[PDB]
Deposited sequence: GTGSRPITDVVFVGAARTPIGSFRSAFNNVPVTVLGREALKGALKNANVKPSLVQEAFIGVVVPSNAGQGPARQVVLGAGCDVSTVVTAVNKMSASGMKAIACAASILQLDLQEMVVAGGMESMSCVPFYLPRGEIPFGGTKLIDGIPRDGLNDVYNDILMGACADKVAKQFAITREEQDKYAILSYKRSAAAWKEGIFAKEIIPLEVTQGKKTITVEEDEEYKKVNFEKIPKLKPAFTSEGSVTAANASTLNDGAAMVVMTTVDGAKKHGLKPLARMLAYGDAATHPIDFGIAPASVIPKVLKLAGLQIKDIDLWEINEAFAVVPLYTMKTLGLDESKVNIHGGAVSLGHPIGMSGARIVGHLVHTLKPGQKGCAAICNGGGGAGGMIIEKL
């Protein structure tokens, strides 16, 4: 099969909750379950048709055995469904979609689901096994420990971004200008109904139906903030992604599978892949994966109508756009992780699902998402 036989037939996501707020105490598996129910409904695919699932999640500690399996069975899929979880840090939700696409192209399955999820609010603290040391010991926070602290450099992802920003003269002022644009774009998109196709609401009693993060902004305060990660840094709490909860899922099949069940293909796969570099330099990895997947698709930069370059920090889209010569009016046009937030296992799936829904038929979209350890995932789709 050619890669273009792989089609997306549905996509949905939860709202993104703010840290310890809307989805406080809501396990990641609940979020994933509701996103998957939503995606299957969007696809008009009954859960019993799903043969296999790949779900990204980075720090599922204390969510119980096989949280990806919990999601799939919770969404009503049959126990015959095959399920795997993947962790590629913030690329997890995209890599899950890639793995699903690979088994479809090899005709190993016909109907598959994929996506990503994270509850950063529910990440626990750790105590090591064995003898508690005389004199006491640290209760370890799983978020920096397994999520956000670089092992090799022993500094947070944001401090890595400070390094890249200084090296490439990406100023505090440019980062704040970009952050403001992201917040304003997120608000405009919500007002225009842009997310209506892709959002499913949750009851928690309250009903959560809107992204929580993007109203949490004070434009006048942004240039006044102190550096958040290093003493002479440029990255701040306003121009960095936030800690968040959410899930995003897609339903994928082959052209034959769609015909067989009378489904409407929403988009098709053109290319996917990954690139990596030094851990501290994850911020430049999207600029390497993008040419790689363009080449796989037989396309050039001018052929992409919309870019989703995950806003890990304002630093990353800024580096990527300037280094590759991208038009900012075609990049992250409905906001991104700086203003919508960043449940790390979710975001890679969210930005792909967003392109599936928001591209006009015929248009091509490219998503690129950097990840801890120095990587980035890339993916190109064509709207149908």
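- According to the record, the deposited residues with no C-alpha atom in the structure span 1-4, 209-213.
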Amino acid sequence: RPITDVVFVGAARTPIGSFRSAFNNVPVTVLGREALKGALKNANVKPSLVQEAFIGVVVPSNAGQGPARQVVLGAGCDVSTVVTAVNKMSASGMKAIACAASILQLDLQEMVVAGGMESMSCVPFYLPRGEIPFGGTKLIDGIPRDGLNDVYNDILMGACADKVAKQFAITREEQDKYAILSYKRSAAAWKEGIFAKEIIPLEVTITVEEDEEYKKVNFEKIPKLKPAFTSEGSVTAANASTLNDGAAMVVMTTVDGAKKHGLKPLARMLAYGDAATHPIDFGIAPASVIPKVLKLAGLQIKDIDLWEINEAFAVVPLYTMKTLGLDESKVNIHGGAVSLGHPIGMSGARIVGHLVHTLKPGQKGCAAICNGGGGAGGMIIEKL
From here on, numbers count along this sequence of modelled residues.
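- The stretch with the higher mean CA B factor, choosing between 179-187 and 226-234, is 226-234.
- Looking at mean Cα B-factors across 158-166 and 81-89, the upper value is held by 158-166.
- Which of 297, 73, 247, 98 has the largest Cα B-factor in the deposited entry comes down to 297.
- By the numbers in the PDB entry, the CA B factor is greatest at 262 among 147, 262, 279, 115.
- Looking at the C-alpha B-factors along this chain, the one for residue 340 belongs to the lowest third.
- For residue 311, the recorded CA temperature factor ranks within the lowest third of the chain's modelled residues.
- For residue 9, the recorded CA B-factor ranks within the highest third of the chain. Only modelled residues enter the ranking.
- Split the chain's modelled residues into thirds by C-alpha temperature factor. Residue 288 is in the middle one.
- Ranked within its chain, residue 68 lands in the lowest third, by CA B factor from the PDB record.
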